[PDB]
Protein chains: 6
Amino acid sequence: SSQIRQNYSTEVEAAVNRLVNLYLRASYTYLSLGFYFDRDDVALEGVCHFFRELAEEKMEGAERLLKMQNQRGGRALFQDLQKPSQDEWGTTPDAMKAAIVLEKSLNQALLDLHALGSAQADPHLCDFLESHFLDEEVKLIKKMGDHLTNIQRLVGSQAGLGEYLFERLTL
Amino acid sequence: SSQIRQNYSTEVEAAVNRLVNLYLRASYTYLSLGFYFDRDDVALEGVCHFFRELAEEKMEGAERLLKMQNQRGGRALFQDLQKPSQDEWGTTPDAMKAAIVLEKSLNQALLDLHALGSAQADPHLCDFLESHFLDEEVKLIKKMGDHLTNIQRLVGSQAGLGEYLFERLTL
Amino acid sequence: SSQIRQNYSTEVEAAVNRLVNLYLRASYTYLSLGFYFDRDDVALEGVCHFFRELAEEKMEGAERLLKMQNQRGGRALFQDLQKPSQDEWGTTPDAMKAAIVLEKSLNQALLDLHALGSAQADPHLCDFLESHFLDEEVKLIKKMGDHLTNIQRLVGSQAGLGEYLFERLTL
Amino acid sequence: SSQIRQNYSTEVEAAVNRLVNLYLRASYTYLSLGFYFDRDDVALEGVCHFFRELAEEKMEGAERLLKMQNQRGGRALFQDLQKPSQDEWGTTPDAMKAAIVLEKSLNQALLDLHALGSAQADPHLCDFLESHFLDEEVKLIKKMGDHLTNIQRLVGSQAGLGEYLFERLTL
Amino acid sequence: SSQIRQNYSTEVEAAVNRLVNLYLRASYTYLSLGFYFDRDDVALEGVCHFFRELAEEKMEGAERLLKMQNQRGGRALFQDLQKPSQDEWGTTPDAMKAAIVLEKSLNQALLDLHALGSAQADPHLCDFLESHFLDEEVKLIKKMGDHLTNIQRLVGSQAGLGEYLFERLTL
Amino acid sequence: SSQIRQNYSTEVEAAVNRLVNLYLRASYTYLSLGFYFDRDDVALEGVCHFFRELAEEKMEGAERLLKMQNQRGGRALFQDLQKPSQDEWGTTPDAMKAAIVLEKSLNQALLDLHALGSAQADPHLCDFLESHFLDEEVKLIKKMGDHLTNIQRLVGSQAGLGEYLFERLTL
């Protein structure tokens, strides 16, 4: 029995492990999305950079969750990482929609975990998630939504031209 | 059919994809090894740092392989990542032995791939692997072997004392 | 008989002379491509600069080959330089396709020479080509393929507008 | 018909194209002269450097002519480049004599072109040639003549010693 | 049995030990050549410095080979060092010829070792030799050949004068 | 007969040549001792560095002796270098004892040579040895004796632990 563990439920410990898996898998998805936009027959460098930076941020989220698990006296447990949902990611709007779907699923897991900690009366967990995760998610999702609106407006006009202009002038 | 692909076999393309998977899985193993040494009941910060730095280096290897795949006109394909072989990693000597086993398996995949490129008369592949991978592996494995010899010499004497001294004065 | 020559075949010496000719002729082609984009009725300065820089790089390749020929004790022999294949180079996509064709032909001569040195057991030649030529070619061809994909996407939409935008925002 | 072309004869346009060819071929000759003095059995580094620098200057002359052709609304047209007149260039005095012969032939083509522009009442051409070409030629030829006199004086005495001393102390 | 050794043949291990001996003996030869040119009745300081610097470079080669032997898990084994082939080294041309003979013998041992590693499918060895040894040898031998040609040209004229001039103005 | 030689006996000249051989052989011994401590199964980096630095110092001693031989008008003569007395050097205390034995043998050769110069009334030799060799030896031997006492005290307690601590905290 842990020499430091206090007010830390087995349910929260398990939930944090699942969330690590979800962050790792999102990182993997972004690695894939990034290298797809690096293909010579896709060739949108700004889009590649966008998603590769997101891969690093998700990996950072997982590491932060793992650090907290140990701080609280929980034990990190890792599961297999399922490969990303697609091998090819279509056009800029397809990939940005996919990204928002992924982020919304992360945000919901965060929200579920926050509801669990609140039901378990775990204020440290609730402060940890609010400080480092919940606002970062809101801000990123807003940014993605802004990007989708701009991409959609551009590719309604002329699809190839619009995609090029967005990568050049926004990304 | 790729506008840039030249002298790049389907066998090498497939082999490079498998090697990416192997590097990603090694990264995952090192993340696990690192956070285990971060546990309040293990508490060897130098050892944690050692393995967490290795996680970053393996992730860097995977990214470099993916970049080359695209440079050559191959298509990156990702598979599921199997979880690390253990959930708990025992003592410093156990973990360092595990690390050498893992690295030796990476080095053999690199050697196999180099033999394949040589049989396919792919000099770019052979130069790529020699420049960025084969010497890094030799140097890392030597470093690990040096570490194991020092840890074994220390924990033969007095196991807890020896483990502490190694983490403090070498790592 | 040369006071320094060792392990350097007459076949490799001849092949290196042919490759110098091929590099010189590529330089000439790029000079032509560059000044065509400088015409008042073509007027794409970024495209001119792209090809004029490539003319300098190919001339650098020839000089490096000549320096090695002398280092090894071979004798540089020069042949007539055939003029470039066209007098006028059409549109940006036409010129970029022509460039990829030229580079792919250079890369194949490099690959052939590397196979010859390997059959002659000439490791210095094989290291020389890998270090200074084979990776530069792979990277340049990837860059060109990226450019073609972007130009094609732009000129599918609206050809003049697309060509202008590419020269302004990528080149 | 060119939107910018004014007072620019078809005869001058053709003459400028021939002169580009002559400058390119002189550059080629100097590349050859330079790498000959780089041979392990010739080994006069100052002489190599002399001629390799001249190769760059002649290439610069060709580029300047091509730029002016486009400025005036003429169309650059390239022809085959004949290889240099020799494969081996003998002694320092032989090579310096060859250089003066080549430069005198360039200067005469410049003089002929200036006489053509003057007969065509093309003052821009006449100013262009005077500013960038005619005085550079006079100064270079004087320099070469100075060098020949010094080399001849030295190799009259003792030929190998004299050649070494000139390369060391003048070049 | 070595905890790190992988893909490293007993034949290569033995060959590397022989090459260390060959590098050490070359260092010894250059020490001798250097101090001979330091004699009050020889007195060519530039020549002394030339060979003493080469003694240091050969010692560096031996150390680099020994470091790699240990990196790979081989065991360094040292043999007696035979004294240099001469006690007195004649004139500058005699000593430079002797140096080229020695270097050509080193280069052939390197080439033989590279052929052995290639037959043993040891790509690390092959990359190690190419990176640090084979090009250094080619460049040094070219330099020596250049020096011999210059010395021979000078001492054909007037032997003492020529030897002095070479030491003063080249070395 | 030497234009500079004065008060320099054939006996001293011969003795200085023998001492050069002894210094060279000590250098060789230290190279061996150094690379043994570099082995992955020995792995004491401080000890390696200690002996490799001593190899350089002994090589410096030999060079200084050779320089003086020439200053005095003597002729350097080199003999075969016998390999070091062991291929493997045991533990830190074994190697430090071996080092003291070697240094004591060098110091005795220096003392013998000083007694010879004094019997030959060669004050320059006697001052040369006192200034650059005799005090360096006394200081090095004291340092080694200090090291042995510390190593012996440590490995009396717990041998592996003690050896590690000495390499970490003294070397």
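Here, residue 1 is simply the first one shown, and the rest follow in order.
Structure method, as recorded: X-ray crystallography, 1.9 Å.
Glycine residues also receive a Cβ, built from the backbone N, Cα and C atoms like all the rest.
The Fe cation binding site feature in Swiss-Prot is assigned to C:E53, C:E56, C:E57, C:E60, C:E63; the stated evidence is sequence analysis. Per Swiss-Prot, N-acetylserine is recorded for C:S1, and the stated evidence type is experimental evidence.
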Handout entry: Among C:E53, C:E56, C:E57, C:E60, C:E63, which are binding-site residues, the residue with the most C-beta atoms within 10 angstroms of its C-beta
Key = C:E63
Completion exercise
Row the residue listed as 'N-acetylserine', column other C-beta within 10 angstroms, all chains, value 4
Handout entry: Inter-residue Cα distance where the pair is C:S1 (N-acetylserine) and C:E63 (Fe cation binding site), in Å
Key = 24
Completion exercise
Other than C:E53, C:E56, C:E57, C:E60, C:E63, the chain contributes near Fe cation (Cβ within 8 Å of their centroid) the residues C:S27, C:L54, C:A55, C:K58, C:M59, C:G61
Exercise for the section: Can you grab the distance from C:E56 (Fe cation binding site) over to C:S1 (N-acetylserine)? Cα atoms, rounded to a whole Å. Expected result: 34
Handout entry: Residue among binding-site residues C:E53, C:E57, C:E60 with Cα closest to the Cα of the residue listed as 'N-acetylserine'
Key = C:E60
Handout entry: Three-state secondary structure, which DSSP defines for C:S1 (N-acetylserine)
Key = coil
